[PDB]
Amino acid sequence: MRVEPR
Amino acid sequence: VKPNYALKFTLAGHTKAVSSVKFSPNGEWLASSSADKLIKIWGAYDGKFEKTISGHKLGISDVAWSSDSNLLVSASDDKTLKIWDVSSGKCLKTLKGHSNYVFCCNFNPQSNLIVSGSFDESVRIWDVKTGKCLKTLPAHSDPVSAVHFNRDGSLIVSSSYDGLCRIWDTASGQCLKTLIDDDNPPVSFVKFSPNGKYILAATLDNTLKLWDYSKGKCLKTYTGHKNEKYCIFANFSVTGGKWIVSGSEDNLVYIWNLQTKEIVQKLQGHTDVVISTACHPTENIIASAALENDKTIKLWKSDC
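- What the deposited record gives as its method is X-ray crystallography, and the resolution it gives is 2.80 Å.

- For chain B, the PDB entry supplies the name WD repeat-containing protein 5 and the organism Homo sapiens.
- Regarding chain B, the relevant UniProt record gives this comment under Subcellular location: "Nucleus".
- In its Sequence similarities section, the UniProt record describing chain B reads: "Belongs to the WD repeat WDR5/wds family."

Right under this line is the structure:
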């Protein structure tokens, strides 16, 4: 999920 | 010399955050992937929507073109990759075998191979024709954020939250080099220079670095942007002046001079984190895309 922050 | 990129089009139609945009090698097309489980194809020069491609069961984090511009590959949270015929929109193959979200993907120049990196801390090399997995590299000890082939496909570069960049021999799967640097900040993106001599790496401490692959030496550093939370695509722009192009968490597109490291432009207009930028193969054209509060793609044109 690149759209969610780490 | 400084560029003068200006907004030409905004492209709307994804219903969630956009995750990646890429120009087709023939310059005709822009492909975008998004959290809404869709790929969309748009005309590169007029911004006209062309089609939607669907079939993934969860969101898509990356998309990539074959060399002949006829195939796409997508990496998805449903733990698979999919190979698509662009003209028909049909799924040709489903690549299964990762045990977690697939995050990034790319064809090799010959386009007989696909490389993927996943949250299962692994890199996989797949055969395009059969869809079978040829190799599984135990590449990293944390999620893999980027994978990229070099000019001729003999090398793979991978990056991870473990703070490492690794250079692999494609044919043998053996690790040829590991780039480590200081306090091991998570590496969010990596890609070869067009000539294949240098490697551009983003770290989640608001930093981009240009490394010489042969020497293992950092040559340039680029700062001024915000990059702490997301894996943002960065690019070499080579059609006019030699720039470094990146997204940013302050909703701006940043453009630096490669040699001098000075910021030469900031593109304003996105209303969320700019997660992805892409540079047109022959024209001075930038495609940028943003997250949930924006959900659009913007095309920018410059004279240099």
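## Section: the pairing of strand β22 (residues 234-237) of chain B
All names here are of chain B.
Stage number 1. Burial along β22 is two-sided: the residues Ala234 and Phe236 and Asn235 and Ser237 are all buried.
Stage number 2. Sheet analysis places β22 next to strand β23 (residues 243-246), joined by four bridges and oriented antiparallel. Across the sheet, the residue bridging to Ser237 is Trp243, located in β23.
Stage number 3. Between β22 and β23, which pair antiparallel one after the other, the connecting turn spans five residues.

## Points about the pairing of strand β20 (residues 207-212) of chain B
Residues and elements named next belong to chain B.
Stage number 1. Burial analysis of β20 places six of its six residues in the buried class, the great majority of the element.
Stage number 2. Every second residue of β20 is oriented toward a common face, with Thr207, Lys209 and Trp211 on one face and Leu208, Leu210 and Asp212 on the other, all of them buried.
Stage number 3. Looking at chain direction, strand β19 (residues 198-203) and β20 are connected through six bridges and run antiparallel. Within β20, the position partnered with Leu200 by the bridge is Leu210.
Stage number 4. Two strands pair when backbone bridges link them, and β20 and strand β21 (residues 217-222) are joined in this way by five bridges, in the antiparallel orientation. Along β21, the bridge assignment pairs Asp212 with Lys217.
Stage number 5. Where β20 hands over to β21, the hairpin turn is made up of four residues, of which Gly216 adopts a positive phi near 70°.

## Observations regarding the environment of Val245 of chain B
Residue and element names in this part refer to chain B.
Stage number 1. Along the polypeptide, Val245 turns up in strand β23.
Stage number 2. Residues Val245 and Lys266, spaced 21 residues apart in sequence, show a C-alpha to C-alpha distance of 9.7 Å.
Stage number 3. If near-sequence neighbours (up to four positions away) are discounted, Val245 is found in contact with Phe233, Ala234, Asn235, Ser237, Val253, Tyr254, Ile255, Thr277, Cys279 and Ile286.

## Details of the sheet that holds β20 of chain B
All names here are of chain B.
Stage number 1. Spatial strand order, β18-β19-β20-β21: four strands in an open sheet with antiparallel pairing. Each edge of the open sheet is held by one strand with a lone partner, namely β18 (187-192) and β21. The sheet shows a mean angle of 25° between the axes of neighbouring strands, direction not considered.

## Here's the deal with the sheet that holds strand β3 (residues 29-34) of chain B
All names here are of chain B.
Stage number 1. Strand order in the open sheet formed by four strands is β2-β3-β4-β5, with antiparallel pairing between adjacent strands. The open sheet has two edge strands with one neighbour each: β2 (18-23) and β5 (49-53). The average undirected angle you get between the axes of adjacent strands in this sheet is 20°.
Stage number 2. Where β3 meets strand β4 (residues 39-43), five bridges bridge the pair, whose relative direction is antiparallel. Bridged to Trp29 within β4 is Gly43.

## Describing the interface of chain A and chain B
Stage number 1. Taken together, the contact between chain A and chain B spans six residues of the former and 21 residues of the latter.
Stage number 2. Surface buried jointly by chain A and chain B totals about 1,100 Å² across both partners, of which 61% is contributed by carbon and sulfur atoms.
Stage number 3. Interface area lost by chain A to chain B is led by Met1, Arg2 and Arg6 of chain A, which between them contribute 74%.
Stage number 4. Of the charged contacts, one joins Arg2 of chain A and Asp62 of chain B as a salt bridge, the two residues approaching to 3.6 Å between their closest N and O atoms.
Stage number 5. Between chain A and chain B we count four residue pairs in polar contact in total.
Stage number 6. Along the lines of polarity and charge, the residues of the side of chain A that touches chain B split into three nonpolar, no polar and three charged.

## Observations concerning unusual backbone geometry
The phi angle of most residues is negative, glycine excepted, and most peptide bonds adopt the trans form.
Residue and element names in this part refer to chain B.
Stage number 1. Despite not being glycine, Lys79 shows a phi value in the positive range, around 75°.
Stage number 2. Within the element layout of this structure, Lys79 appears in the loop between β7 (71-76) and β8 (81-85).
Stage number 3. The exposure class assigned to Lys79 is partly exposed, which follows from its relative accessible area of 34%.
Stage number 4. Backbone geometry at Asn184 places phi at a positive 55°, although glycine is not the residue there.
Stage number 5. Mapping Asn184 onto the fold places it in the loop between β17 (175-179) and β18.
Stage number 6. Overall, the relative accessible area of 40% leaves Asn184 in the partly exposed class.

## Some details on the packing of aromatic side chains
Stage number 1. Scanning the model with the defined rule gives seven aromatic pairs over all chains in all.
Stage number 2. A centroid spacing of 5.7 Å and a plane angle of 75° characterise the contact between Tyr101 of chain B and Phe119 of chain B, whose relative ring orientation is edge-to-face. Taken together, the residues span a long stretch of sequence, with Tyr101 of chain B in the loop between β9 (91-95) and β10 (102-107) and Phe119 of chain B in the loop between β11 (113-118) and β12 (122-127) at a distance of 18 residues.
Stage number 3. Ring geometry for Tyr254 of chain B against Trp256 of chain B: centres 5.8 Å apart, planes inclined by 25°, an arrangement best described as stacked. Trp256 of chain B matches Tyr254 of chain B in its accessibility class, with the two residues each being buried.
Stage number 4. Through a chain of ring-to-ring contacts, the aromatic side chains of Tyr101, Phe103 and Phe119 of chain B assemble into a single cluster.
Stage number 5. A cation sits over an aromatic face here: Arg2 of chain A above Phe103 of chain B, 4.5 Å from the ring centre.
Stage number 6. Taking NZ or CZ as reference, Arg6 of chain A lies 4.3 Å from the ring centre of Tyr161 of chain B, over its face.

Thresholds applied
Residues numbered from 1 in each chain as written, not as in the entry; some residues may be left out. Chains lettered and ligands numbered in written order. Heavy atoms only, no water. Residues with missing side-chain atoms left out of burial classes, pairs and counts. UniProt positions renumbered as here; feature names shortened; annotations may be inferred. Buried < 20%, exposed > 50% of the residue type's maximum accessible area, 1.4 Å probe, protein only. Helix = DSSP H or I, 4+ residues; strand = E, 2+ residues; numbered from the N terminus. Pairing = 2+ DSSP bridges. Contact = heavy atoms within 4.5 Å. Axes fitted to C-alpha atoms, helices over the stretch in contact; angles between N-to-C directions. Buried area = accessible area lost by both parts, 1.4 Å probe. Salt bridge = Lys/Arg side-chain N within 4 Å of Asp/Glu carboxyl O. Polar contact = N/O pair within 3.5 Å; in protein donor to acceptor, adjacent residues only side chain to side chain. Nonpolar A, V, L, I, M, F, W, Y, C, P; charged D, E, K, R; others polar. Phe/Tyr/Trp six-rings, centres within 6.5 Å; stacked < 30°, edge-to-face > 60°. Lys NZ or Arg CZ within 6 Å of the ring centre and 35° of its normal.

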